[PDB]
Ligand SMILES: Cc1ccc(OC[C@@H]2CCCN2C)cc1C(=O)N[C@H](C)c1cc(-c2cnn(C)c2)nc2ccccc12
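Before any questions on binding or motion, here is one chain by itself as structure tokens, the form solved without this ligand.
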């Protein structure tokens, strides 16, 4: 009966000694098993595996606690989805473009590239240690684990089409936004005024206009009575805001925004690019970079800096 020693893990930090029988597969001994992303479930131990670390599913109470503390999920398939994505993302390339970690286009990943570029330009801290650790590496240029985690947390597989606004929502759900507050007022000439207070992720996201200045002036929305109501920003406390809308031709003016996402094509199929406002307007499309003094395109999301805002509007 021949054996080697290997280590299992769910978090790649806490290791669990195992003595494995070389006549059985990893799967017969551990359940689904992965070696830096590669599925070894149906493989029998090799001598070269001695001393190496394998990921497994959180198959006992110790691992369940370790996995929840590191990832902040109890979705049973999470670890397998992360590993499956990592086996791909470890082969992607992450060029530094204008000082930021981007992603060379592969596997329909333009939505991930513009999300990653965006994160590097807004003040945001993640809650799960897994995203903390992986995001630090991604800033340094080694973004594979971070991208595989985005995919897993968003329930997206490599190659699946994704929406930037939705992806950001998931990332924000795993971020500490508890200092963010938004007060809105909605005014119907028939139905009167309704103030609402939004906290956390809802305090920093709005769907319906790209213009923060228009959101402060008031945007027209439906009311139940059939009139239009006017929605405006009363008060904002956050380090950024994200304004989104269905893609439409829109002019991005240098110095008036932080960065934006552009979507060319239609709902079936298109492509994202990233625009960042620095000393000029830079358009980052994966590995590609172009510049211009002005920019007009089908924009979907625009990010703005903020600290504290209070309206002058008297009601």
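Residue numbers count along the first chain shown, from 1.
Note that the form solved in complex with this ligand isn't included here; everything after this is about it.
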query	finding
Options 116 to 124, 90 to 98, 160 to 168, 138 to 146; stretch whose heavy atom lies within 4.5 Å of this ligand in the entry with it bound	160 to 168
This ligand contact at residue 268 in the entry with it bound, heavy atom, 4.5 Å	yes
Proximity of residue 247 to this ligand in the entry with it bound, heavy atoms at 4.5 Å	yes
Partner proximity in the entry with it bound: residue 26 to this ligand, non-hydrogen atom cutoff 4.5 Å	no
Contact flag, residue 263 vs this ligand in the entry with it bound, heavy atom cut 4.5 Å	yes
Complete contact of 207, 272 and 300 with this ligand in the entry with it bound (any heavy atom, 4.5 Å)	yes
